[PDB]
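Residue numbers for the sequence shown follow the entry's author numbering, beginning at 126 and rising by one. Report on the following structure.
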Amino acid sequence: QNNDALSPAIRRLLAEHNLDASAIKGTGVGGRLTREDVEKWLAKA
Numbered sequence: 126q127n128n129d130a131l132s133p134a135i136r137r138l139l140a141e142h143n144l145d146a147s148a149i150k151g152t153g154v155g156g157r158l159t160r161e162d163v164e165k166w167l168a169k170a
């Protein structure tokens, strides 16, 4: 319960860019994908 992966807002973002969590960075708390991670991919893409 205290170990999520994708965030509500981010899910919308990834949905916008049409990307895959497994295809983008992720360093939250317990294996996840953060908006900052999406940024890294966005900048490195």
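The C-beta atom is built at its ideal place from N, Cα and C for all residues, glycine as well.
- Per the coordinates, the alpha-carbon of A140 lies some 10 Å from the alpha-carbon of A134.
- The continuous alpha helix (DSSP H) containing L139 extends over residues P133 to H142.
- Per the C-alpha coordinates, the member of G155, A170, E161 and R160 positioned closest to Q126 is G155.
- The alpha-carbon separation between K150 and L167 amounts to approximately 10 Å.
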